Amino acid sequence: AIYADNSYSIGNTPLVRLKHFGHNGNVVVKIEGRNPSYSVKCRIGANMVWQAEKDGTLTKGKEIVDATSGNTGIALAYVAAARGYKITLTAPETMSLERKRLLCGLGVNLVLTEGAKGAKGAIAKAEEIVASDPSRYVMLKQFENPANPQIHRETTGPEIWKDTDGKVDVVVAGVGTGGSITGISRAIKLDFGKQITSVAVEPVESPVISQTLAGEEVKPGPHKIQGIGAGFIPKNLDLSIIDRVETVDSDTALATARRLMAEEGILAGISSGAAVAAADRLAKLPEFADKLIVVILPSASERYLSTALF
């Protein structure tokens, strides 16, 4: 069991039972912070590169280009370094100095775009670079690339199934790209055949999944739950496998992550607190009392030291 490079070491993350949430131990969390670059995105950074290699879209001589400084940028960075690809990431010039150092340390060619143009200015610049030589540059597109939910169907989902001996009843996951809840739900419902409850979590400040499913005007808004609440329905969110949508506010997400640290000894990130807050509400309904609830914790506390978390 020696991995040929760090990308093959993804996953096999632990399940830990919560003591101060839920009722009689019915809430258990999956620690995706224990991954090669310390988030859930390490899995999709690995598999989007692997699938592009298998497809012949990524070859020696091609460079990865993408517009993300978040967990997926870190994930693609370590995978590019591990497997020998140059990578260019675009981000607004306003990103934190700590994240510039981290990405630069991983060997990223960091292209800083105009601060006033935000995430759109970064996406545009990435698309411009790709336009300049499309036989040279590959953009992996985490919100629509099916290799994102596929790796969760092949690893994350089966890990939950095996570690719970098939007893999982509910999966609770915040939705960023949708890949996690989509792949996990397809694995458990379709490959293992168990009719669990799949719960998407989104910010109450930007409840676009709730609004969509209710037929209401979609009205996104700003929030502090980094990693979820993108303000649109991503292609990699399979709405057909979502059974329930829970909304969580930013303050309670933060307070819940702080409780995970101080009361459970779990170094969880902000969206981890959002997911547990939604799971805790379900776990304290009598209809969920005999149900085993598994919660994805996407990231780790030290990635948030300069945030409202601390």
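Residue numbers here begin at 1 and follow the sequence given.
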## Note on the structure
Stretch with higher mean Cα temperature factor, 204-212 vs 82-90, is 82-90
### Query
Which wins on mean Cα temperature factor, 4-12 or 301-309?
301-309
### Query
Of the options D55, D243, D280, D249, which has the highest CA B factor as deposited?
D55
## Note on the structure
Among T72, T113, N236, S185, the highest C-alpha B-factor in the PDB entry belongs to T113
### Summary
Of the three thirds of the chain ranked by Cα temperature factor, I270 occupies the middle
### Query
According to the PDB entry, is the CA B factor of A289 in the bottom, middle or top third of its chain, that is, lowest, middle or highest?
highest
### Query
What third of its chain, lowest, middle or highest, does the C-alpha temperature factor of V49 fall into?
middle
## Note on the structure
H20: C-alpha B-factor third of its chain, per the entry, is the highest
### Among modelled residues of the same chain, the CA temperature factor third for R259
middle
